[PDB]
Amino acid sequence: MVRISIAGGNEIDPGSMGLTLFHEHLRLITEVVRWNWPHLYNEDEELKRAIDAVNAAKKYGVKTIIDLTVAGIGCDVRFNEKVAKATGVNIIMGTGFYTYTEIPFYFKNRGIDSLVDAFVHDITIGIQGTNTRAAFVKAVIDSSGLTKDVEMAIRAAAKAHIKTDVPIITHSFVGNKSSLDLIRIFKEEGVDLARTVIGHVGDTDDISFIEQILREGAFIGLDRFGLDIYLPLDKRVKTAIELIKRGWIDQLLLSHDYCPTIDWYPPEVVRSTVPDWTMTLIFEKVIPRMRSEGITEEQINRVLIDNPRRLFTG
């Protein structure tokens, strides 16, 4: 009975998601740069890179990818439709506003409701003039902390969840404990935390801090496998195995946050700095290592199939 729009305006139910990567990207670009300086980009090559990435995940049994690209990081339904068509993978899209500091004057001068309404439109009508609806909302906080504008956008994500019941999938930054501001704001807004992911929690191996989040009842995103600059692979794998052994499995989500294009850094820089980052590292290295430490096949399926499904059905 829950219906999830997917890139192309089809719908699936949560039961047919199957093996899912809950936080990945197809193309991460900056709208104001791309609009004004198209010569710095190449759409054919972006498309090839996203297709190649998704096909690689698909060879390992991925059926569904949740694209966490929203406004501010270059969301494009038409791009995603080409990717979906070429690959046959389900692509789930969302809404929200991605920022660490400021929001546009457009919404600041109109008030929080204007931002909620834009999100609700994407969820109930469709994204960017299409019939693909947003099936989740994103809230973002980072190293600048809880600025007024960031607070507004997090609260607008919350209010949009209260009106539509779509899950809230977040970005946080663990070094300043911003993860906890998400939870506090969500509690104030009456959000059921079981319908939320506190993101980028896998960027720390501090288990007591992770449990402080877990005891509030939310999902956590162990979601940057392959980005050693946030936390090395060995510590991420160790953390995930330990959290399963301690009884936290129903709250764990795994992903790579992989960006087949990311315009924030030259591609040479990304290759030099995180050469292991792909959309398949979980299947190549993480799962084999977890299996060798006693994690079961069914535990892996609970994480990669049942948890993403339950985020969408409750």
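So that there is no doubt, residue numbering starts at 1 and follows the sequence shown.
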- [ ] Look over 29-37 and 265-273 in the entry and identify the one with the greater average Cα temperature factor.
- [x] 265-273
TODO: Could you check which stretch, 290-298 or 7-15, carries the larger mean CA temperature factor in the entry?
DONE: 7-15
Task: 51, 259, 70, 252, ranked by C-alpha B-factor: the highest one - done: 51
Open item on the list: Using only the C-alpha B-factors in the record, can you name which of 142, 165, 223, 122 has the highest?
Closed with: 165
TODO: Could you tell me which third, lowest, middle or highest, the C-alpha B-factor of residue 212 occupies within its chain?
DONE: lowest
Task: residue 84 by Cα B-factor - lowest, middle or highest third of the modelled chain - done: highest
TODO: Place residue 178 in the lowest, middle or highest third of its chain's C-alpha B-factors, as listed in the PDB entry.
DONE: middle
Open item on the list: Can you tell me whether residue 114 has a C-alpha B-factor in the lowest, middle or highest third compared with the other modelled residues of the same chain?
Closed with: middle
Task: Relative C-alpha B-factor of residue 193, binned into the chain's lowest, middle or highest third - done: highest
